[PDB]
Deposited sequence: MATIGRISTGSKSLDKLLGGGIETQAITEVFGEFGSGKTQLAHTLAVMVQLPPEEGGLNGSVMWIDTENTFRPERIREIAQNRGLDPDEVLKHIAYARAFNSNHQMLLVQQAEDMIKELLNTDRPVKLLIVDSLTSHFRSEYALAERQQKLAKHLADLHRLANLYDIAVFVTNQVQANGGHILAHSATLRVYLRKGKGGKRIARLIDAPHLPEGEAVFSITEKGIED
């Protein structure tokens, strides 16, 4: 399949990303608590449902939450302000909460079943969000076992991205008092941070985009 792109909702961030986040790729966004990673996730879950002319892929969404931070009311607001029917947008986001890291792994296997079911339809899965990817692994394991467990989990996610032409979008909290970037395992690493005046700044790791969090999700 060709490489699809999902607009982030910000023209600035889209330019930095070459058009948006890619299918057949894992995009890892990392940064401090409060930097806007989950807002980017919420916005992408709407944007992917737009037609390609507006930067979407007419796609369905699967969301794996580890911290109870998915907000249907926020999806509704973004959808309404992006010109979509919010009820339809929410109907096309399959939501699951991971109880622990082992359940998180099983949820990725279950995601494959729904990806297969929708593969030949007009609303195939095009976006799999894992927010937060690392939190359970950090709480449950010391570093050595944590690295081995993370490696298999990321291998599973890569495989889904390539085999089924999906964008995998993962968030990762890293700040002075804890957290660690997923090393070299993502396809693409994006560093997000707060700037003056409520702005958010993104940079590719291994120019900078600037955007705001608004009723449209994020935008320039």
query: Stretches of the record's deposited sequence for which the structure holds no C-alpha atoms; finding: 1, 208-213
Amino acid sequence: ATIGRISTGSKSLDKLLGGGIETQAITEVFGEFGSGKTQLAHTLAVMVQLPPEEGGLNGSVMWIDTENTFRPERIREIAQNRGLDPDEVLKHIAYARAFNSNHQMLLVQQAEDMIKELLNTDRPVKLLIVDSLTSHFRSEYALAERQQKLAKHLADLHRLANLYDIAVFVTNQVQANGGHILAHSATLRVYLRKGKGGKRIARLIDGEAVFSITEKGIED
From here on, numbers count along this sequence of modelled residues.
| item | value |
| --- | --- |
| Segment of higher mean CA temperature factor, 189-197 or 38-46 | 189-197 |
| Entry-level comparison of average CA B-factors, 147-155 and 166-174, reporting the higher stretch | 147-155 |
| From 87, 77, 113, 131, residue of greatest CA B-factor | 113 |
| Maximum C-alpha temperature factor, selected from 160, 62, 182, 26 | 182 |
| Third of the chain, ranked by Cα B-factor, where residue 127 sits | lowest |
| Third of chain Cα B-factors occupied by residue 98 | middle |
| Entry-reported Cα temperature factor of residue 138, expressed as the chain third it lands in | highest |
| Cα B factor band for residue 205 (lowest, middle or highest third within the chain) | highest |
| Entry-reported Cα temperature factor of residue 120, expressed as the chain third it lands in | highest |
